[PDB]
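All residue numbers refer to positions in the sequence shown, counting from 1. First listed ligand is number 1; within each ligand, the first listed atom is number 1.
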Amino acid sequence: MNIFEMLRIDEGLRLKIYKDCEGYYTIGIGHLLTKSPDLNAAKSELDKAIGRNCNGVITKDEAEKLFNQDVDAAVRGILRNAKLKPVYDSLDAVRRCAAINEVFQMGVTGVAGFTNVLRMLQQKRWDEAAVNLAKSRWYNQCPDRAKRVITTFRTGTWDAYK
Ligand SMILES: CCc1ccccc1
């Protein structure tokens, strides 16, 4: 088990655009296209992502290419954020996976707002952090996308994905 297998389980796979649990346009393995409510704006983002006219249906190797890019962006997003990096670096290996996973789903800005959860996690207060994350708008709207991630933060094991 690793970050990629973890996210393949949580995000699964779609080969055509859908609205995710926050209502935004998406494809592949949790690849957010845009926050715009216009399908065609999402469609332009996709063609620009792949480098061809799709028109909205991608292959497996292309989905996996996007996935690699998005995992990388999520890690870079953490390391470049002043709120996220010190908390991230205090975390053990498995919880670092849940952190990458959270940012991958929610984006850096959304996650960076969790001021108390960030403090709780850095002070190693696993129980309280998991409770506070379970009150997030992220969790209440994307329950089974988020559930195993919150459990992972609490336990620090891979058992939720087992
Ligand atoms: C709040 C989870 C988290 C912690 C550190 C870095 C990213 C995300």
Side-chain angles (χ1 to χ4, degrees), residues 1-14 17-36 42 45-46 48-49 62-162:
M1 188 66 56
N2 60 57
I3 182 57
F4 301 98
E5 314 202 335
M6 181 194 203
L7 281 164
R8 284 197 201 94
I9 293 178
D10 282 335
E11 305 267 26
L13 178 89
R14 294 309 171 154
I17 310 179
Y18 65 112
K19 275 190 186 158
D20 66 33
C21 44
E22 308 190 327
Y24 309 123
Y25 290 117
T26 310
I27 199 163
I29 311 163
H31 184 81
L32 177 81
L33 289 176
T34 187
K35 310 258 192 176
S36 183
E45 291 305 325
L46 184 71
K48 166 162 67 192
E62 287 170 346
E64 280 176 355
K65 190 209 220 281
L66 282 187
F67 185 41
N68 256 354
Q69 297 183 346
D70 291 341
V71 177
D72 180 76
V75 175
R76 291 186 340 248
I78 290 152
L79 296 179
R80 294 177 182 191
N81 189 286
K83 308 222 187 196
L84 304 190
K85 191 186 185 297
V87 178
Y88 182 86
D89 283 348
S90 75
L91 290 176
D92 49 280
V94 177
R95 286 182 179 98
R96 285 185 186 208
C97 271
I100 299 160
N101 190 315
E102 195 181 339
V103 167
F104 185 106
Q105 299 192 46
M106 290 195 66
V108 165
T109 304
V111 179
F114 287 90
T115 305
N116 269 36
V117 161
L118 291 173
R119 183 171 51 102
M120 282 161 185
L121 284 173
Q122 207 193 322
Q123 291 172 10
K124 298 196 160 197
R125 301 197 266 148
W126 311 130
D127 287 6
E128 285 168 276
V131 180
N132 286 206
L133 276 182
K135 295 163 181 167
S136 65
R137 191 214 126 280
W138 167 53
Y139 185 72
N140 287 338
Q141 291 222 159
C142 308
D144 283 79
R145 238 73 130 195
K147 67 155 209 166
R148 298 178 283 268
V149 180
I150 289 172
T151 304
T152 299
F153 273 124
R154 196 199 163 151
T155 59
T157 76
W158 278 121
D159 288 350
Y161 291 88
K162 160 219 231 316

Which ligand 1 atoms, with their elements, are less than 4.0 angstrom from a heavy-atom of [X]?
X    : result
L118 : 1 (C), 4 (C)
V111 : 1 (C), 8 (C)
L121 : 1 (C), 2 (C)

Review item, side-chain donor-acceptor pairs of residues 21-30, under 3.5 Å, at least two apart:
residue	atom	partner	partner atom	Å
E22	OE2	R137	NH1	3.2
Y25	OH	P37	O	3.0
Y25	OH	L39	N	3.4
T26	OG1	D20	OD2	3.1
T26	OG1	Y24	O	3.2

Could you walk me through whether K83 and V87 pass side chain to side chain contact (heavy atoms under 4.5 Å, CB included), step by step?
CA-CA 7 Å; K83 308 222 187 196; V87 178; over 6 Å; no

Looking only at atom types and distance, does a side-chain atom of [X] sit under 3.5 Å from a main-chain N or O of [Y], one as donor and one as acceptor?
X    : Y    : answer
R95  : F153 : yes
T151 : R148 : no
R76  : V71  : no

Which residue and atom name correspond to the protein heavy atom nearest atom 3 (C) of ligand 1, and how close is it?
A99 CB, 3.7 Å

Among all protein heavy atoms, pick out the one at the shortest distance from atom 2 (C) of ligand 1; state its residue, atom name and that distance to 0.1 Å.
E102 OE1, 3.1 Å

Residue portion contacting ligand 1 (non-hydrogen atoms closer than 4.0 Å) for [X]:
X    : answer
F153 : side chain
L133 : neither
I100 : neither

Sequence neighbours excluded and cut-off under 3.5 Å, please list the side-chain donor-acceptor pairs for residues 104-120, or say none.
residue	atom	partner	partner atom	Å
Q105	OE1	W138	NE1	3.4
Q105	NE2	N101	OD1	2.7
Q105	NE2	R145	O	2.8
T115	OG1	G113	O	3.3

